[PDB]
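Right, one structure below, let's go through it.
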Amino acid sequence: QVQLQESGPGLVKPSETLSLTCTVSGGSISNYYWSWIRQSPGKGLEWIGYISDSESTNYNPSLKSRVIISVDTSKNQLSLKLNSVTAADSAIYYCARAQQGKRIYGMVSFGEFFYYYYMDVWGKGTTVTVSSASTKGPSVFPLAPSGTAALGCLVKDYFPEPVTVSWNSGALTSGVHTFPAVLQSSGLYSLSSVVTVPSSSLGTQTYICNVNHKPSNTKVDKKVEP
Amino acid sequence: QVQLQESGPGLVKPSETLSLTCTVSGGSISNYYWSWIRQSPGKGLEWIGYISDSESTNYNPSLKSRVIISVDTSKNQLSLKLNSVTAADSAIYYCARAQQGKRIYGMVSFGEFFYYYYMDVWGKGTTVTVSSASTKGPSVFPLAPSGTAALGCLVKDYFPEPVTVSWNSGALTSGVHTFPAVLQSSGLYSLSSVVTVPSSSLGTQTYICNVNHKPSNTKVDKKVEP
Amino acid sequence: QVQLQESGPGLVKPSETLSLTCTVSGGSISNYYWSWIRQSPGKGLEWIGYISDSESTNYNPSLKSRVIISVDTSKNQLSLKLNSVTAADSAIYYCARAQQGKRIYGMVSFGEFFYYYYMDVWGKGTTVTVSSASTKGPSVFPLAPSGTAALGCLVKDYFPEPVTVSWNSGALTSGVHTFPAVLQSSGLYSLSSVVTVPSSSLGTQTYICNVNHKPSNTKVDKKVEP
Amino acid sequence: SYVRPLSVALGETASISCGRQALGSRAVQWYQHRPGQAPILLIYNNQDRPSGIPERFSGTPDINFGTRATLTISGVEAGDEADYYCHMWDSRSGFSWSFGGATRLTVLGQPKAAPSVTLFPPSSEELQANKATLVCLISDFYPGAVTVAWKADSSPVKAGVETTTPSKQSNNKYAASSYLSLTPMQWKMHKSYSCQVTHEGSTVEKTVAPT
Amino acid sequence: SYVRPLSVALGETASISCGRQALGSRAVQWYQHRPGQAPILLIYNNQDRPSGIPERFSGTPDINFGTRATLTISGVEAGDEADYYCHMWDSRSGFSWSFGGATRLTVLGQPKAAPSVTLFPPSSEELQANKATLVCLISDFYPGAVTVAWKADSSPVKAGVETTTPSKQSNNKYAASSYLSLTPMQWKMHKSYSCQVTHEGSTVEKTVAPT
Amino acid sequence: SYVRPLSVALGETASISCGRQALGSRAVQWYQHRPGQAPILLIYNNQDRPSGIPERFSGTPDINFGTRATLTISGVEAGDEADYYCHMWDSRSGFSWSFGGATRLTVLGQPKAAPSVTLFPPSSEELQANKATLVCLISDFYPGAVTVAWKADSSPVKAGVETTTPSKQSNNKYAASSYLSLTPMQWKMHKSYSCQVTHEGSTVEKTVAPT
């Protein structure tokens with residue numbers, strides 16, 4: 001019923017205002033609590049802050065001095081603004097709905113209770129990289145094949161992570177296998193997607209490899225054939 | 001007590017009367033039922049027909065129009081004649097004794113019973129190939145050796161299957177290993193027989209490899225030595 | 001409390017008096033029984049003889065004619081002298097304390113008992129080789145390295161067995177792995193010692209390989225470095 | 001005819017239901033057949049088994065109508081791998097000419113066995129005939145599936161290779177043969193030839209050179 | 001934050017004790033997180049679990065004080081491998097901003113799986129760009145650790161290789177990629193290139209040559 | 001003397017019957033001996049065991065005549081692999097000079113372990129001496145049996161190799177060494193040298209080249 005979807009730049013220069021947004025699908029926004037969570041490599045999950053149903057804010061003191069969370073009720077969008085970003089600010093920024101719980105141990109009249117918040121539905125994450133380097137679209141090269149056979153699609157020299165790859169614009173989905181990237185010494189990632197198809201399908205089921213690298217708005221297509 | 005042994009051409013030209021025979025060893029022939037069974041590659045076991053102890057015949061309607069089964073009581077031989085053979089007639093033709101069983105469910109007076117036949121002792125099979133191609137004897141080449149060691153005997157370019165191989169004319173039997181044939185693109189089979197013997201037996205236990213290809217009546221022998 | 005340590009030539013010429021000694025550490029010598037035991041390759045453990053606390057002797061009749069066992073109570077040393085040694089006299093000569101047991105089955109008055117001896121604490125063994133060949137010190141060559149890494153020390157062309165190897169004069173002990181020797185066709189043994197150390201330890205933890213070949217009183221050292 | 005598979009773990013009890021169900025009183029025969037070999041009549045009457053067949057092979061009798069014909073093989077072993085035919089006779093239907101379908105029984109949980117590769121160089125008499133054949137003999141491996149790879153020196157060679165599909169041996173293991181045909185000059189002009197036999201996760205290599 | 005490991009055999013019951021013990025009445029949340037994926041709230045109140053989470057995930061309630069907060073995962077499977085966070089709230093301490101430590105759960109006794117290597121030669125369009133890359137794709141292997149080895153003909157080649165640290169797949173197996181970069185002349189002037197993938201005790205080789 | 005073998009599965013109870021049976025009242029000693037090491041007196045009187053030996057090593061006492069002398073090792077482990085001698089004394093026979101036969105105990109069902117190959121190139125000082133030796137060091141493998149294969153580039157090399165028969169290590173695994181001797185010119189004039197170590201079903205290769 002309720003799903004969330006993040007969206008961000010992916011690349012932000014050092015000492016610059018990072019800005020992400022998050023869309024709610026199915027439910028409203030001004031009747032729930034929403035939290036921003038990031039997860040850096042090596043470091044654990046870090047709670048950034050949250051916003052109420054009355055649009056009241058409360059930031060983590062770890063980054064209180066430079067985080068501003070907002071909300072737009074015209075639709076179901078809530079944003080995040082983080083300035084003065086450093087190299088340690090690159091992470092997968094998640095977006096989740098917080099649910100207020102009231103743990104009561106003594107007398108509510110004396111205030112012998114405390115509120116706790118928990119995230120019950122999360123987003124999918126937005127990869128964000130803080131680097132002085134500039135974005136670069138990839139270079140797609142086909143890998144033609146020769147029981148069954150396997151063909152590929154080589155996505156080399158792009159920055160930064162990630163890159164989505166679908167086969168036949170989304171039609172081909174069985175046997176697809178996209179492999180994690182590789183950070184070469186030059187500083188650019190290199191991917192590789194491969195599907196296993198029946199050998200007899202070589203003539204002539206068209207195999208269109210789709211590649212999208214949003215940090216450079218450079219989508220490309222390429223066909224494979226022996 | 002009772003054993004059966006088939007014998008056939010192995011190669012019959014298309015549109016020609018195939019003919020096989022079967023010998024009974026130990027028992028008689030005119031006091032039992034006998035059935036012919038063939039098994040083609042891919043297709044299951046196929047019942048061809050049978051003959052009674054009174055020499056009455058009953059053919060499978062699958063090949064009723066072109067099968068004739070006979071019997072010779074002078075000894076214990078029963079034959080099979082199949083004409084108009086096609087490529088699908090090549091199989092391993094087995095020979096087995098059928099035993100009549102009378103399953104009674106109701107009243108024998110009203111005929112409420114039926115006869116069933118089952119084969120309890122079989123032969124070993126005769127490989128028969130239907131092909132326009134001509135027979136060709138093999139070419140035997142020795143494979144000298146160098147805990148233990150292993151020597152071989154290469155039987156290449158023959159047609160059709162099969163070829164029997166014994167070592168030391170039947171004396172050598174421990175550690176013998178004859179490998180299934182190979183159908184090359186030329187259309188001829190190629191075999192290979194290998195025994196594992198103690199290394200010290202190299203000097204000088206004679207190792208005679210025997211090869212027999214009956215479809216060409218070409219028996220040959222060859223010795224192996226480093 | 002009580003430990004024993006053998007000591008011998010390691011190499012004795014054919015038809016010559018072999019002579020070994022054994023030291024007791026912690027206890028005395030003139031109050032126990034002591035036995036000499038050798039173990040040749042292929043043949044089992046062989047009891048050579050023993051000596052009493054009163055220094056009375058009793059040799060195995062297998063080699064009674066040419067074995068003389070002695071004892072020196074000034075310290076805790078007991079010796080062994082075996083002359084007319086042949087090639088079959090090369091073995092690991094062990095030294096152990098024998099404990100007299102008196103098994104009584106009938107009446108001690110009639111002598112219905114017998115004494116049995118058992119060795120409860122042994123030495124470590126002394127390798128002795130009987131050969132006309134002459135001793136030769138080894139030739140040590142370093143094997144520099146390149147998670148972790150491994151460096152080595154090549155001890156080649158020595159005679160006879162054995163050779164002790166310690167790393168950093170005894171300091172380095174974790175990850176050490178000395179491999180059994182190799183008898184080349186020339187007739188000389190060749191060893192190899194290797195330790196696995198952290199890769200970062202390459203700069204610059206000194207790795208000194210120590211090699212001792214007592215049959216030639218030729219100790220040597222060598223350092224390894226990329 | 002068509003083949004219906006069945007997998008039974010090693011040591012379990014196999015239950016092979018017949019292909020066609022009877023319409024009246026029945027007299028069903030059970031045959032064991034491994035391709036390239038004569039069938040073995042397991043049970044002739046609805047439950048009567050001949051001599052030379054263990055008690056672990058049992059069939060269902062025709063007591064009351066409605067009972068299906070099932071061959072039960074208790075304590076399955078690797079030798080029980082074969083085709084099982086259900087020759088069905090009944091009072092209602094006619095004369096049983098067809099042996100029926102074919103239940104392909106495979107016994108799971110058998111011990112994995114590595115191959116025993118043996119490579120032979122071209123014989124002298126063959127080279128005297130201006131021909132040369134390298135033979136790679138693989139045996140005693142389970143499960144029965146291997147991949148061969150021929151290399152001239154270090155470079156691969158795929159033109160001129162002939163490989164056998166695996167074949168079960170008398171000891172319930174598999175065997176395969178590979179033949180690399182080449183001209184006698186390609187055998188002298190190269191340094192060494194290798195046959196790489198990859199089975200399960202591992203690969204084994206045996207090499208030969210003209211010396 | 002720091003990571004504390006835990007090994008539980010396949011099928012057993014995992015007992016993950018919380019990082020920090022409560023000083024008063026508590027309300028503890030349990031999150032499941034596998035890196036590169038959104039967390040999964042397993043239990044929100046001390047024992048209340050949301051929908052879409054099996055009954056085998058259980059937490060300890062706050063009945064009497066002194067009971068430690070432990071997440072129990074009965075019947076562990078290979079999918080249960082993830083980081084487990086214990087978001088601890090209590091009456092005494094302040095506002096729980098930190099999710100706490102991270103219990104790295106690994107499930108022992110999983111079936112060993114051999115890799116599926118696939119090597120591609122340099123594409124024509126890449127060679128037209130005066131560059132050439134050999135790619136070696138490894139997948140479906142467990143345990144997730146392999147070693148790659150690139151050889152030009154028979155001689156080794158280590159200058160120009162880039163290999164991925166293994167990554168868990170959706171089927172609980174691992175995948176790795178290896179990229180050998182070389183000039184297009186070094187691709188023509190050599191006879192063949194090979195990628196040796198050694199996993200567990202065995203090694204598998206896939207080779208390619210410009211033909 | 002002759003050696004009589006015995007196989008006991010891991011964890012079972014070994015029953016080692018003595019070589020010679022007693023004619024009268026007996027006093028039997030049991031010694032544990034692994035070749036290349038000092039024996040370990042397990043039991044001295046018919047059942048008395050010294051200190052430093054677990055209770056799982058037990059011997060039969062001489063209560064009534066007729067009982068055979070048997071050493072029982074309950075809960076066998078890989079460390080229990082050794083030669084077991086039965087020093088037999090009795091009232092009837094004379095002085096027991098011979099330790100008797102030798103029961104070679106092997107513990108079945110031990111975990112298979114893949115080797116750890118390590119290949120070193122010829123050292124500079126050795127090459128300065130106009131000699132060159134390649135050493136291939138294999139360790140931590142079980143069962144203790146491997147096959148080495150030396151190749152110059154891709155062609156095999158068998159002239160000049162010396163290999164050690166496996167030897168048990170302190171951790172109950174095996175180790176072997178292989179030495180390929182060659183002239184320093186054959187080390188420079190070749191591209192690379194490899195040592196292929198095949199253990200159980202798999203083969204592992206480590207290669208080295210003069211660079």
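Order determines the names: the first chain of the structure tokens is A, the second B, and so forth; residues in each chain are numbered 1 upward, and ligands are numbered 1 upward as they are shown.
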Interface, chain D side, toward chain F (12 Å; only C-alpha atoms) as JSON, numbers by chain:
{"D": [112, 113, 114, 115, 116, 117, 140, 141, 142, 151, 152, 153, 154, 155, 156, 190, 191, 192, 193, 194, 196, 197, 198, 199, 200, 201, 202, 203, 204, 205, 206, 207, 208, 209, 210, 211]}
Would you write out those residues with C-alpha atoms, as a short mmCIF file (atom, residue, chain, number, x, y, z; two decimals), in the first residue's frame?
```
data_model
loop_
_atom_site.label_atom_id
_atom_site.label_comp_id
_atom_site.auth_asym_id
_atom_site.auth_seq_id
_atom_site.Cartn_x
_atom_site.Cartn_y
_atom_site.Cartn_z
CA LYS D 112 31.41 -38.78 -5.82
CA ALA D 113 34.32 -40.38 -7.69
CA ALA D 114 37.16 -38.59 -9.48
CA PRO D 115 38.21 -39.80 -12.95
CA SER D 116 41.26 -41.82 -13.94
CA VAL D 117 42.63 -40.16 -17.08
CA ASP D 140 35.78 -44.57 -12.81
CA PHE D 141 34.11 -41.17 -12.40
CA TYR D 142 30.76 -40.29 -10.80
CA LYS D 151 45.57 -28.11 -26.10
CA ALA D 152 48.52 -28.02 -28.50
CA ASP D 153 51.32 -26.82 -26.23
CA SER D 154 49.38 -24.11 -24.39
CA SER D 155 47.03 -22.98 -27.18
CA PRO D 156 43.64 -24.73 -27.35
CA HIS D 190 54.38 -29.15 -31.70
CA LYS D 191 56.09 -29.43 -28.34
CA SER D 192 53.43 -31.23 -26.29
CA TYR D 193 49.74 -32.11 -26.36
CA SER D 194 47.46 -32.12 -23.32
CA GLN D 196 42.22 -31.57 -19.73
CA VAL D 197 39.40 -33.55 -18.08
CA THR D 198 37.17 -31.36 -15.91
CA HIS D 199 34.81 -33.33 -13.65
CA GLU D 200 32.47 -31.77 -11.06
CA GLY D 201 34.42 -28.80 -9.67
CA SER D 202 37.96 -29.92 -10.46
CA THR D 203 40.05 -30.34 -13.60
CA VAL D 204 42.70 -33.00 -14.22
CA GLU D 205 45.35 -32.78 -16.94
CA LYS D 206 47.42 -35.49 -18.59
CA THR D 207 49.98 -34.43 -21.18
CA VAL D 208 52.08 -36.21 -23.79
CA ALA D 209 54.93 -35.15 -26.08
CA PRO D 210 56.89 -36.86 -28.88
CA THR D 211 60.05 -38.06 -27.12
#
```
Hey, list the chain F side of the contact with chain C: 7 Å cut-off, only C-alpha atoms, answer as a PyMOL selection string.
chain F and resi 1+25+27+37-38+41+44+89+91+97-99+120+123+125-126+162+164+177
Residue contacts of residue 212 of chain A (6 Å, only C-alpha atoms) excluding same-chain residues fewer than 2 positions away, as an mmCIF file with C-alpha atoms, in the first residue's frame:
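Output file result-v2.cif follows:
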```cif
data_model
loop_
_atom_site.group_PDB
_atom_site.id
_atom_site.type_symbol
_atom_site.label_atom_id
_atom_site.label_comp_id
_atom_site.auth_asym_id
_atom_site.auth_seq_id
_atom_site.Cartn_x
_atom_site.Cartn_y
_atom_site.Cartn_z
ATOM 1 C CA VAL A 163 24.487 2.003 -13.431
ATOM 2 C CA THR A 164 21.227 0.184 -14.172
ATOM 3 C CA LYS A 219 21.586 6.225 -21.597
#
```
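We find atom CA of residue 53 of chain F and atom CA of residue 32 of chain F to be spaced 11.0 Å apart.
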Pick out the residues sitting within 9 Å of residue 88 of chain D, and hand them over as a VMD selection string; count only C-alpha atoms, and ignore anything fewer than 2 positions along from it in its own chain.
chain D and resid 18 to 22 26 to 30 69 86 90 96 98 to 100
Using C-alpha atoms, can you export the residues from the last selection as a PDB file, in the first residue's frame?
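Ended up saving to again.pdb:
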```
ATOM      1  CA  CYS D  18       2.408 -48.556 -13.482  1.00  0.00           C
ATOM      2  CA  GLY D  19       1.756 -46.483 -16.591  1.00  0.00           C
ATOM      3  CA  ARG D  20      -1.764 -47.663 -17.402  1.00  0.00           C
ATOM      4  CA  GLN D  21      -4.375 -48.624 -14.816  1.00  0.00           C
ATOM      5  CA  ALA D  22      -6.369 -51.823 -15.221  1.00  0.00           C
ATOM      6  CA  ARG D  26      -5.094 -57.918 -14.029  1.00  0.00           C
ATOM      7  CA  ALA D  27      -1.918 -59.947 -14.542  1.00  0.00           C
ATOM      8  CA  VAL D  28       0.981 -57.480 -14.623  1.00  0.00           C
ATOM      9  CA  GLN D  29       4.623 -58.219 -15.488  1.00  0.00           C
ATOM     10  CA  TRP D  30       7.586 -56.096 -14.378  1.00  0.00           C
ATOM     11  CA  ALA D  69      -0.028 -51.953  -9.884  1.00  0.00           C
ATOM     12  CA  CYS D  86       4.992 -52.475 -16.693  1.00  0.00           C
ATOM     13  CA  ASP D  90      -6.366 -57.323 -17.881  1.00  0.00           C
ATOM     14  CA  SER D  96      -0.857 -56.478 -24.527  1.00  0.00           C
ATOM     15  CA  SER D  98       3.149 -52.758 -26.004  1.00  0.00           C
ATOM     16  CA  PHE D  99       5.423 -53.006 -22.972  1.00  0.00           C
ATOM     17  CA  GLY D 100       4.228 -49.530 -21.991  1.00  0.00           C
TER      18      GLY D 100
END
```
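Taking atom CA of residue 24 of chain F and atom CA of residue 65 of chain F as endpoints, the distance between them is 7.2 Å.
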Using only C-alpha atoms, which protein or nucleic acid residues come within 9 Å of residue 8 of chain E? Drop anything in the same chain fewer than 5 positions from it, and give the result as a ChimeraX atom specification.
/E:13-15,76,105-109
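Backbone DSSP assigns helix (DSSP H, G or I) in chain A to residues 64, 65, 66, 87, 88, 89, 108, 109, 110, 168, 169, 170, 199, 200, 201, 202, 214, 215 and 216 of chain A.
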Let's have the selection written as a JSON list (two decimals), in the first residue's frame, with N, CA, C and O atoms.
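Result written to out06.json:
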```
[["chain", "number", "residue", "atom", "x", "y", "z"],
["A", 64, "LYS", "N", 23.87, 17.68, 13.63],
["A", 64, "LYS", "CA", 22.80, 18.65, 13.86],
["A", 64, "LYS", "C", 23.12, 20.00, 13.23],
["A", 64, "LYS", "O", 22.23, 20.67, 12.70],
["A", 65, "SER", "N", 24.39, 20.40, 13.25],
["A", 65, "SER", "CA", 24.79, 21.74, 12.84],
["A", 65, "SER", "C", 24.65, 21.98, 11.34],
["A", 65, "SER", "O", 24.75, 23.14, 10.92],
["A", 66, "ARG", "N", 24.41, 20.94, 10.53],
["A", 66, "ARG", "CA", 24.47, 21.13, 9.09],
["A", 66, "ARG", "C", 23.43, 20.31, 8.33],
["A", 66, "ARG", "O", 23.59, 20.10, 7.12],
["A", 87, "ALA", "N", 34.24, 14.00, 2.48],
["A", 87, "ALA", "CA", 34.38, 12.68, 1.87],
["A", 87, "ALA", "C", 33.64, 11.62, 2.67],
["A", 87, "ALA", "O", 33.16, 10.63, 2.09],
["A", 88, "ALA", "N", 33.52, 11.80, 3.98],
["A", 88, "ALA", "CA", 32.82, 10.84, 4.83],
["A", 88, "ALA", "C", 31.30, 10.94, 4.72],
["A", 88, "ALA", "O", 30.60, 10.17, 5.38],
["A", 89, "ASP", "N", 30.78, 11.85, 3.90],
["A", 89, "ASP", "CA", 29.35, 12.01, 3.73],
["A", 89, "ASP", "C", 28.78, 11.15, 2.61],
["A", 89, "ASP", "O", 27.56, 11.12, 2.41],
["A", 108, "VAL", "N", 1.27, 7.57, 33.85],
["A", 108, "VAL", "CA", 1.22, 8.58, 32.80],
["A", 108, "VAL", "C", 0.97, 9.96, 33.38],
["A", 108, "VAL", "O", 1.36, 10.97, 32.77],
["A", 109, "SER", "N", 0.35, 10.03, 34.56],
["A", 109, "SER", "CA", 0.08, 11.31, 35.19],
["A", 109, "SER", "C", 1.37, 12.01, 35.62],
["A", 109, "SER", "O", 1.48, 13.24, 35.52],
["A", 110, "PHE", "N", 2.34, 11.25, 36.09],
["A", 110, "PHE", "CA", 3.64, 11.79, 36.46],
["A", 110, "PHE", "C", 4.62, 11.84, 35.29],
["A", 110, "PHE", "O", 5.77, 12.25, 35.48],
["A", 168, "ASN", "N", 16.64, -6.15, -23.38],
["A", 168, "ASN", "CA", 15.45, -5.99, -24.21],
["A", 168, "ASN", "C", 14.49, -4.96, -23.60],
["A", 168, "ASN", "O", 13.28, -5.16, -23.57],
["A", 169, "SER", "N", 15.06, -3.87, -23.09],
["A", 169, "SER", "CA", 14.32, -2.75, -22.50],
["A", 169, "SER", "C", 13.41, -3.19, -21.35],
["A", 169, "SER", "O", 12.46, -2.48, -21.01],
["A", 170, "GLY", "N", 13.70, -4.33, -20.74],
["A", 170, "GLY", "CA", 12.89, -4.88, -19.66],
["A", 170, "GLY", "C", 12.21, -6.18, -19.99],
["A", 170, "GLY", "O", 11.75, -6.88, -19.07],
["A", 199, "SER", "N", 20.77, -21.72, -27.09],
["A", 199, "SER", "CA", 21.67, -21.53, -28.22],
["A", 199, "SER", "C", 20.91, -21.31, -29.51],
["A", 199, "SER", "O", 21.31, -20.49, -30.35],
["A", 200, "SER", "N", 19.79, -22.02, -29.70],
["A", 200, "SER", "CA", 19.01, -21.88, -30.92],
["A", 200, "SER", "C", 18.39, -20.50, -31.06],
["A", 200, "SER", "O", 18.01, -20.11, -32.17],
["A", 201, "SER", "N", 18.27, -19.75, -29.96],
["A", 201, "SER", "CA", 17.74, -18.40, -30.00],
["A", 201, "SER", "C", 18.68, -17.41, -30.68],
["A", 201, "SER", "O", 18.32, -16.23, -30.80],
["A", 202, "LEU", "N", 19.86, -17.85, -31.13],
["A", 202, "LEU", "CA", 20.80, -16.95, -31.78],
["A", 202, "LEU", "C", 20.27, -16.41, -33.11],
["A", 202, "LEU", "O", 20.72, -15.35, -33.55],
["A", 214, "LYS", "N", 22.62, 7.71, -14.68],
["A", 214, "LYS", "CA", 21.96, 8.98, -14.41],
["A", 214, "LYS", "C", 22.90, 10.12, -14.01],
["A", 214, "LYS", "O", 22.64, 11.26, -14.42],
["A", 215, "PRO", "N", 23.97, 9.91, -13.22],
["A", 215, "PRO", "CA", 24.87, 11.03, -12.90],
["A", 215, "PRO", "C", 25.44, 11.75, -14.12],
["A", 215, "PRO", "O", 26.01, 12.84, -13.95],
["A", 216, "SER", "N", 25.30, 11.20, -15.32],
["A", 216, "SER", "CA", 25.71, 11.87, -16.54],
["A", 216, "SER", "C", 24.59, 11.95, -17.57],
["A", 216, "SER", "O", 24.83, 12.40, -18.70]]
```
Residue 138 of chain C environment, 8 Å, only C-alpha atoms, sequence neighbours closer than 2 positions dropped, as an MDAnalysis selection string:
chainID C and resid 136 140 155:159 213 218
